[PDB]
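Reviewing the structure listed below.
Protein chains: 2
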Amino acid sequence: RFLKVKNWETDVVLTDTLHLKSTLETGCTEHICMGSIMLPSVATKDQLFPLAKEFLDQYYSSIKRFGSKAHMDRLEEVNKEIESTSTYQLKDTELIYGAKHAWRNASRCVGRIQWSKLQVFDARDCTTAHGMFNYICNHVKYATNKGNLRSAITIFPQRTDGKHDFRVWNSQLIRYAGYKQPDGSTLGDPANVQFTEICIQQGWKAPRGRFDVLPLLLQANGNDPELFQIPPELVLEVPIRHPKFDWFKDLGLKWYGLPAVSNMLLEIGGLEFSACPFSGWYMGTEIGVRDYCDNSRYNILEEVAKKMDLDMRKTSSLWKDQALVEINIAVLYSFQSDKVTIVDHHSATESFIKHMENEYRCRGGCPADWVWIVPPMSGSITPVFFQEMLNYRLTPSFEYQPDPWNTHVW
Amino acid sequence: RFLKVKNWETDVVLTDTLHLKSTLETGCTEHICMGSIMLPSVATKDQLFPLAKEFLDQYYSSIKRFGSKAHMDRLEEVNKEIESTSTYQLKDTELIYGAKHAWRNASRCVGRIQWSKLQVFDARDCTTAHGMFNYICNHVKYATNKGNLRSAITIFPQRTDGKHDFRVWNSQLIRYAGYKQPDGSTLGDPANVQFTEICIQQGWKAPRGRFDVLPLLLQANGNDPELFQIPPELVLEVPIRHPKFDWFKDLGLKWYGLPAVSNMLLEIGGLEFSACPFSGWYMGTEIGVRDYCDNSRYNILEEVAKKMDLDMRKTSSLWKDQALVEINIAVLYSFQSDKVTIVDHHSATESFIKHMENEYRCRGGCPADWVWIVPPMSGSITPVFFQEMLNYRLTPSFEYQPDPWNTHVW
Ligand code: HEM
Ligand code: HEM
Ligand SMILES: CNCc1cccc(-c2cc(C)cc(N)n2)c1
Ligand SMILES: CNCc1cccc(-c2cc(C)cc(N)n2)c1
Ligand SMILES: C[C@H](O)[C@H](O)[C@H]1CNc2nc(N)[nH]c(=O)c2N1
Ligand SMILES: C[C@H](O)[C@H](O)[C@H]1CNc2nc(N)[nH]c(=O)c2N1
Ligand SMILES: [Zn+2]
């Protein structure tokens, strides 16, 4: 009941007991392993105080006042407000703790060494899609910090009944538009073409280029969402050059500095925050491997390998592999020559192993998803390839949620 | 109870019901996922007929004579021999079926599209370490076929009591020697230095170079094993050159053509074959990524990147990534210019997706381990990165077993 994870590059072993505190199910049974399925699958007051009890107990058991009366009066206070209103509200300190631990428990995140250094923006007083748009601009500006990126989350009012829900309809706050062409093909980002249509549907005026920043579709208190365009001076973008190849400029590629996921749900003490955009900084491979070279994304390996003049008749020339390394040299180089925060997959996996140690020491475990932790290129020349990870679901936590245009009573 | 796996590069879905036939446990519980732990953990007659029953039932239910009397008389025959001798013996046809399906059920193997085209060598009449050495040479020679590699397995007598056990002590039939140096460092293959010591211990006369083929340590009928050196004319080796870089020859690297794992256990109908060397042909990355660039293996990225004159001050130059692609271009090129069978990680992952279709159609499922199927470089520019796989344990099956120098009553 006190399981062991081994590292095979180092022969180092650690003991996981943190998984005893786990609660939610994983998809795996004693006779089936779902570790590579992407997404496996009102809340009453009878269930809401147990979750409120569990959260608050570890929150006072973090500030070395577990079991005190300051704890007990807080437990009694939440208990009775869960009688009165049936729901409850978190303290400022309980929200900052809960948010930082949702990140800390996010087993699919390799950059979690930074989990404590997070800036929480309490937007629970927000009421309008314009108020949402204000909070979100202030997040963008702060989290960007002139390229010296800082991580942050903005927490909008929690779900109450179920109809009245704050939702950022964008998947990330900043993404490039996606238009399918009359000739069947696709301009911009193909992942967003469904979204982009809903944007033009709500009256967006598309510039119809490659790297068009989408507007925000912000839904406030269950209301029909409204389009707002982040001021372009707030959207920091990096033009992508290669430090050897001058033809690389003519590829005319760029990316935005700020990775800010907006479509997930923040669970704290049984409360559900449907709108909780959180931002850090990019690991190089997300842009240079996935965004740029996924077949159903920008799919640029074709053209990069051309300009390198590569043996493209043969699958086995590793022409694909060769153009993939140059592209991530170009992402990295470009972001750093502009002083915009980016981390390479070597230094990020190293930090994660480093983070993983401290978690097994001063916490007794680190939930971790190998399928997601291993970078999508050069897997085994990074140290996380050789690290056995235990995946389990701790709380507070970030969760996926449905897209709102497929659930909203419109 | 009829689960679904999605592919996200193609939006294609398949339905797994084959997992209903699963039997063994995985390490994962409803609340913990062990998908990245490498190895999670006499047989009586009360348990041995159920396993014999299950096997034979699907074996006649493969040749469209399920439930017939030819089946029933075979079930009665095994039943009564399990009374008489308590164990039993497989027909030739039952051994070839059982062996091909152990391969077919091997969820960690990406080359399983070939599972049916397997050559079974019945060495169950073998009695001596010299007889083992003969069968194994005939396997090497056949499976190699002048470089036109053919896949094969040699099945030595099954475990009976437990003391009398046929074991190939080598991990693979052909591996390079491993000597640690007086200066702390290591020559050859560091993975084998423990083995190499046991070989010199049993009186091996080490040439003490880099690429020294080890001898065979073959244990027959539980006896203390004996050293035999495969005739070098039978060991086909590929010198590694690059199709651009002439300095690559001076690296003086080579590899052997035949991947032949010798240390696993073949379970068929509850019978355990402790010696069952099986061989195919290499996927390029095993040599060019793992063998050559694992830190605890040949660790050549250092020197390759030197000769390329690479920015090696910075982790973020992807100098490691860059020398890794050239090395697998050199493995591939060298093996094919010599007409020795090798497959590149692109064409092998494609075939596996291709194999995966047919399994879900004419069988209803394909046990598959994503952690192992995804090649250890360029993961997401191959199609298996985007394929959800269900891992589960079907039988017949290949299993790991202890090393014999850590279990043998010597
Ligand atoms: C310090 C900078 C950060 C880095 C370098 C980083 C790194 C990464 C990477 C590479 C991924 C994989 C994304 C993908 O493959 O689609 C990821 C996912 C994730 N990150 Fe982190 N991240 C950072 C900050 C944050 C913050 C600030 C939060 C939350 C407050 C967070 C929570 C998550 C979660 C929940 C996921 C998984 C979401 C999903 O399953 O799609 N990360 N991160
Ligand atoms: C057709 C040529 C074959 C190819 C291209 C191939 C490919 C591979 C690869 C790349 C691996 C991963 C090895 C590692 O990472 O250490 C593997 C493992 C494995 N292969 Fe296949 N293989 C072939 C033939 C065979 C045969 C003939 C058998 C059995 C009769 C087999 C059964 C297995 C098993 C059981 C494993 C996993 C063993 C372990 O967990 O260490 N394969 N294969
Ligand atoms: C399924 N995609 C989720 C997703 C998509 C895109 C980016 C991220 C991300 C988020 C943060 C905070 C940091 C980072 N380096 N990347 C996450
Ligand atoms: C834990 N290592 C197992 C291992 C190590 C080395 C090679 C293989 C292998 C075996 C076969 C038959 C084909 C292939 N392409 N590779 C398997
Ligand atoms: C810790 C981790 O499970 C370990 O590195 C695994 C990961 N996947 C692998 N995949 C293959 N094909 N071969 C391996 O040796 C490994 N090693
Ligand atoms: C099918 C498979 O689970 C899917 O491709 C996963 C694999 N691992 C991943 N890992 C990361 N970091 N991001 C991803 O989108 C994925 N996709
Ligand atoms: Zn699992």
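Protein chains in written order, with the authors' numbering: chain A, 299 to 339, 348 to 716; chain A', 299 to 339, 348 to 716. A prime marks a further copy of an entry chain.
Using N, Cα and C, we set each Cβ at its ideal position, and we do this for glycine too.
| Query | Result |
| --- | --- |
| Using a Cβ-Cβ distance cut-off of 8 Å, determine whether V715 (chain A') contacts chain A. | no |
| Count the other CB atoms, across all protein chains shown, that sit within 10 Å of the CB of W306 (chain A'); report buried if there are 16 or more and exposed otherwise. | exposed |
| Can you pull the chain A residues whose beta carbon is under 9 Å from the beta carbon of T324 (chain A'), in chain order? | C326, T327, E328, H329, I330 and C331 |
| Does any C-beta atom of chain A lie closer than 8 Å to the C-beta of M570 (chain A')? | no |
| Would you check if the segment 684–699 of chain A' and the segment 543–563 of chain A' touch, i.e. whether three or more CB-CB distances between them fall below 8 Å? | no |
| Go ahead and label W716 (chain A) buried or exposed: buried means 16 or more other beta carbons lie within 10 angstroms of its beta carbon, across all protein chains shown. | exposed |
| Taking 8 Å as the CB-CB cut-off, is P682 (chain A') touching chain A? | yes |
| Using a beta-carbon distance below 8 Å, is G468 (chain A) in contact with chain A'? | no |
| Strictly closer than 6 Å from CB to any heavy atom of ligand 5: give me those residues in the order they appear in the chain. | A:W306, A:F691, A:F692, A:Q693, A:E694, A':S334, A':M336, A':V677 and A':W678 |
| Since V519 (chain A) and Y482 (chain A) are thought to touch, with beta carbons under 8 Å apart, how far apart are those beta carbons, to the nearest angstrom? | 7 Å |
| So, under 8 Å CB-CB, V544 (chain A') and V646 (chain A') are touching, yes? Tell me the CB distance rounded to an integer number of Å. | 6 Å |
| So with Cβ pairs under 8 Å, would you call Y698 (chain A') a contact of chain A? | yes |
| Could you check which residue in A':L630, A':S653 and A':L696 has the C-alpha nearest to that of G671 (chain A')? | A':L696 |
| Flag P682 (chain A) as yes when its Cβ comes closer than 7 Å to any non-hydrogen atom of ligand 6, and as no otherwise. | yes |
| Under three-state DSSP, which class holds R473 (chain A')? | strand |
| Are the segment 453–462 of chain A and the segment 437–444 of chain A in contact at 8 Å, needing three or more beta carbon pairs? | yes |
| Residues of chain A' with CB under 7 Å from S623 (chain A), in chain order? | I635 |
| Heavy atom of ligand 4 less than 7 Å from the Cβ of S585 (chain A'), yes or no? | yes |
| Provide the residue(s) that pair with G484 (chain A') in DSSP beta bridges, ordered along the chain. | A':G494 |
| To the nearest angstrom, how far is the alpha carbon of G509 (chain A) from that of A349 (chain A)? | 36 Å |
| Buried or exposed: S392 (chain A), going by 16 or more other Cβ atoms within 10 Å of its Cβ? | exposed |
| What does DSSP give as the partner residues of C331 (chain A) in its beta bridges? | A':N697 |
| Does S585 (chain A') come out as helix, strand or coil in the three-state DSSP assignment? | strand |
| Can you pull out the residues from the segment 645–672 of chain A whose beta carbon lies closer than 7 Å to at least one beta carbon of chain A'? | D650, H652 and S653 |
| Roughly how far, in whole angstroms, is the beta-carbon of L564 (chain A') from the beta-carbon of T450 (chain A'), given that I think they are within contact range, below 8 Å? | 6 Å |
| Let me check understanding here. Comparing Cα to Cα, which of A':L522, A':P538 and A':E539 lies closest to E532 (chain A')? | A':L522 |
| How long is the line joining the alpha carbons of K612 (chain A') and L700 (chain A'), rounded to whole angstroms? | 47 Å |
| Looking only at its own chain, which residues have a Cβ that is under 7 Å from the Cβ of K359 (chain A), when we skip the five neighbours before and after it? | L381 |
| Would you mind stating whether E705 (chain A') and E573 (chain A') have Cβ atoms separated by less than 8 Å? | yes |
| Classify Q508 (chain A') as helix, strand or coil using the three-state DSSP reduction. | coil |
| Using only CA atoms, which one of A':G437, A':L630 and A':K370 lies nearest to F534 (chain A')? | A':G437 |
| Determine, using beta carbons only, whether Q478 (chain A) comes closer than 8 Å to chain A'. | no |
| Shorter than 7 Å, the distance from the beta carbon of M662 (chain A') to the closest heavy atom of ligand 7, or not? | no |
| Looking at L362 (chain A): is its Cβ nearer than 8 Å to the Cβ of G575 (chain A)? | yes |
| For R380 (chain A) and chain A', any beta-carbon pair shorter than 8 Å? | no |
| Would you verify that the beta carbon of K486 (chain A') is, or is not, closer than 8 Å to some beta carbon of chain A? | no |
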